[PDB]
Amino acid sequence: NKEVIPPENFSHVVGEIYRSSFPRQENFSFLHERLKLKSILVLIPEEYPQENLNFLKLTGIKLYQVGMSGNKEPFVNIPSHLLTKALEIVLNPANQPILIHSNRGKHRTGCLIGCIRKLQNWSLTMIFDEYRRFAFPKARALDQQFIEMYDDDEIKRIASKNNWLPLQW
């Protein structure tokens, strides 16, 4: 009955899929004793810090990485095959409970989650409202364009042979 601290911009998406910002040491208790994650997908091209990697080795949580550019270019591009690979990681039940996070859990996390919502056949209005609720104040229209233009037919076929879709609550 001790004090636990969830990460900033932490939320549940669907089933055993969660979102957060980059976790700190005070969030480790929340990640292990209450969520009991089995893997975490990070969306940074930089190397994962050593203090977090030691905690992942302490718990047995496998680290997945799909490196997405923050800007590295004038504003900005994120490819669709990286989203497809991250979707293959998050929709696979052998990796759940899984936590998707980025530097702040707003842009890289929110676009993959918006395409997760596109897999749930949500209206684009609610997908964009969730994106802007988590990405406020620096909500970018290019991420919404990336969600709107993402072709998910390959990932729907992959989810249909491996029986990953529908996403259960």
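In this text, residue numbers run from 1 along the sequence as written.
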Task: Comparing 156 to 164 with 15 to 23, the one whose average Cα B-factor in the PDB entry is higher - done: 156 to 164
- [ ] Look up the CA B-factors in the entry and say which stretch, 106 to 114 or 66 to 74, has the higher mean.
- [x] 66 to 74
Task: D143 by Cα B-factor - lowest, middle or highest third of the modelled chain - done: lowest
- [ ] Divide the modelled residues of the chain into thirds by Cα B-factor and specify which third, lowest, middle or highest, holds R133.
- [x] highest
Task: Chain third (lowest, middle, highest) by recorded CA B-factor, residue given as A94 - done: highest
TODO: Grab the CA temperature factor for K38 from the record and place it in the lowest, middle or highest third of its chain.
DONE: middle
Task: CA B-factor ranking of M126, expressed as a third of its chain - done: middle
